[PDB]
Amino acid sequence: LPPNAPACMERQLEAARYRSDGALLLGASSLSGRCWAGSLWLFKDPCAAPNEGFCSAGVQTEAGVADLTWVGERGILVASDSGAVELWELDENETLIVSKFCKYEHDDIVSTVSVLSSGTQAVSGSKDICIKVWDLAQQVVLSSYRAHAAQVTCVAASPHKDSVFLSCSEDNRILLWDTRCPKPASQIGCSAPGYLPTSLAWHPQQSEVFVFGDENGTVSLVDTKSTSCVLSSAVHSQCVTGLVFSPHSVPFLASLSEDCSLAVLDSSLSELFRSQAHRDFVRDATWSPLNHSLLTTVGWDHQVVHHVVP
């Protein structure tokens, strides 16, 4: 167990992300009991997680971790319960995790963060109904947008365009953003007003295709220019909380749900694989960079599961 690393990892695993060199990032929250906090973990040995003794680094955050993402190769950007967005920067030895900035700009829990294509900016989404654009270098809010009418569920930067991102909210709107326009947002999809949208993944190749999951367990594939629902499937029995495309040439889609199961689908949304290895909510999926058939899930059951995918 490394220096400045907590002895105990809070039960509720919120996020799991592989760096390009193969190491695994973990976010966790204490969602019950006396202390309602959170922590950040680095695992250069992916198979060792979630074991606190066999990690490379680790740190306590003041409050819970609602979302996180890698920033480049050493930065870790965090959406906190405290309303703060924070940046933690990895040690040069990569054995300490150190706070870089912690700005209290939202008025309620920050629920979602995404890093923009350039890696110099980021966008956050909150229950305070706002969406915010950050200069990571200068540690400030550049823009604050109140487009929505209910809490913001998810925000996802386009793979390649530094001013384009998707967002979705409990006001039933999926907004396509482009900050070059005087009126930055545009209402999309949901061709007939449907069930609330709960998760978003851009296509990693066709920068104009995305998928969205809804509260009723349906994953749908959208074309931006066509604006008709190209295909959809009832993949889950409950809310779809995350969608993650594989690094593959022909990319597979990992779908995760509050029904506690993981699914994997081809480009036409057909079921290829399904794991009920979890016994509580599945919260993140991350595809191995080193082995494109390995996939890692975390849940509130505190299980870190590694899947093999055809």
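Residues carry their position along the shown sequence, with the first being 1.
The PDB entry records a higher mean C-alpha B factor for 224-232 than for its counterpart among 179-187 and 224-232. Stretch comparison (102-110 versus 87-95) by mean CA B-factor in the PDB entry places 87-95 on top. Of the candidates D284, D280, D266, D67, the deposited coordinates give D266 the top C-alpha B factor.
The PDB entry assigns the greatest CA B-factor among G242, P251, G27, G33 to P251. Split the chain's modelled residues into thirds by C-alpha temperature factor. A48 is in the highest one.
Per-chain ranking of the deposited C-alpha B factor places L272 in the highest third. In this PDB entry, the Cα temperature factor of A63 sits in the bottom third of its chain's modelled residues, the lowest group. Looking at the C-alpha B-factors along this chain, the one for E170 belongs to the lowest third. In this PDB entry, the Cα temperature factor of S293 sits in the top third of its chain's modelled residues, the highest group.
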